[PDB]
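Form deposited in one PDB entry, single chain, as structure tokens, below.
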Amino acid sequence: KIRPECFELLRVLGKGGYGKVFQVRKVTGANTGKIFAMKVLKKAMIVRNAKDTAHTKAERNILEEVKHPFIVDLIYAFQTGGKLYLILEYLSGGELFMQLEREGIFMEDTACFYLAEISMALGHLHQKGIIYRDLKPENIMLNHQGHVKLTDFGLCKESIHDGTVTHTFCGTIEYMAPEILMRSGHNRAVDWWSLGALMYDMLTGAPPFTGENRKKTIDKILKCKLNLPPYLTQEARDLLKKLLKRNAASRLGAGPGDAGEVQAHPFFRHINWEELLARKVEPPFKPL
């Protein structure tokens, strides 16, 4: 029976209003010395609010069901009287955010690699009926080899919250689909929008609808007047045009084919999907 005492704490990886993440190593038994990330949530901070309770249980249910190389792996999960524990794989490659900052602009082949892996993760989720919604550079980590991992399926990680009712808009909203910000109803097509926004950011240096402040950003996102810079390749321009459509049902990937439709686009013409999913493709950046 796994317990908190089975793990030795090595450092604090992060913290927020609901709990903390530690780097840990297993003290004894199987995988003695194996390194994990341990997320520890305070039930007291959660159980009084039906929405947060629900969100917590959905996080654990999603992470338990998902079996995919490009989504964070949940190893153990247990609780005590006052805390919930999630033992996750430790991801040493950092945030994709740090990669965009260091490079400014990705070469197309580098962008293509990361966007391809993300699309496979989104496809896995979508066929399970799960919508990611929060695709953004900060949310995308890299393992020690440099492969993509999607994270943040649970409670709010922000230190400053937007309003007092929901945590839906606490982060940057620069990658969020217009129909979410409009509260006009949405489905898995929001993820293909977010993929486009991320792609635009990789290849230009900034998300497509940024402004001087948040209001102006939201206004631009809702207005949806896409300007594609001339230096984009024909394949990139074409895909971005198809992903960043205001009308969800027109978006590439919104169709019945979902990720399959996006993956069939000429921007991804050189991707071998079997070798990619099997992690046999050398990543563009190696955290080593």
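Between two forms, the rigid core is defined as the largest C-alpha subset superposing within 1.5 Å. The first residue of the shown sequence is 1; numbering continues from there.
- For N31, the record comparison shows coordinates present in all the other entries of this protein that model its neighbours, with no third of them leaving it out.
- Of the other structures of this protein that model both sides of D52, a third or more give it no coordinates.
- As the entry records it, the average C-alpha temperature factor is higher for 208-216, out of 175-183 and 208-216.
- Annotation for 95-103 versus 71-79: the higher mean temperature factor (C-alpha) is found in 95-103.
- Looking at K149, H161, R188, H124, the one whose CA carries the top B-factor in the deposited record is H161.
- The entry lists C-alpha B-factors for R48, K42, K57, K242, and the highest of these is at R48.
- Among all modelled residues in this chain, the alpha-carbon of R251 has a temperature factor (C-alpha) in the lowest third.
- Per the deposited record, the Cα B-factor of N139 falls in the highest third when ranked against the other modelled residues of its chain.
- In the PDB entry, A30 places in the highest third of its chain by CA B-factor.
- Among all modelled residues in this chain, the alpha-carbon of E117 has a temperature factor (C-alpha) in the lowest third.
- Ranked by C-alpha B-factor against the other modelled residues of its chain, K157 falls in the highest third.
Below: the form deposited in another entry, not depicted.
- Put the two forms on the same core and the Cα of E138 is off by less than 2 Å between the shown form and the other one.
- Core-superposed comparison between the shown form and the other one: the CA of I180 exceeds or equals a 2 Å shift.
- For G29, the Cα coordinates differ by 2 angstroms or more between the shown form and the other one after the core has been superposed.
- A change of 3 Å or more separates the two forms for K149 and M176: their C-alpha atoms lie farther apart in the other entry.
- Distance between the C-alpha atoms of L244 and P178: longer by at least 3 Å in the other entry than in the displayed form.
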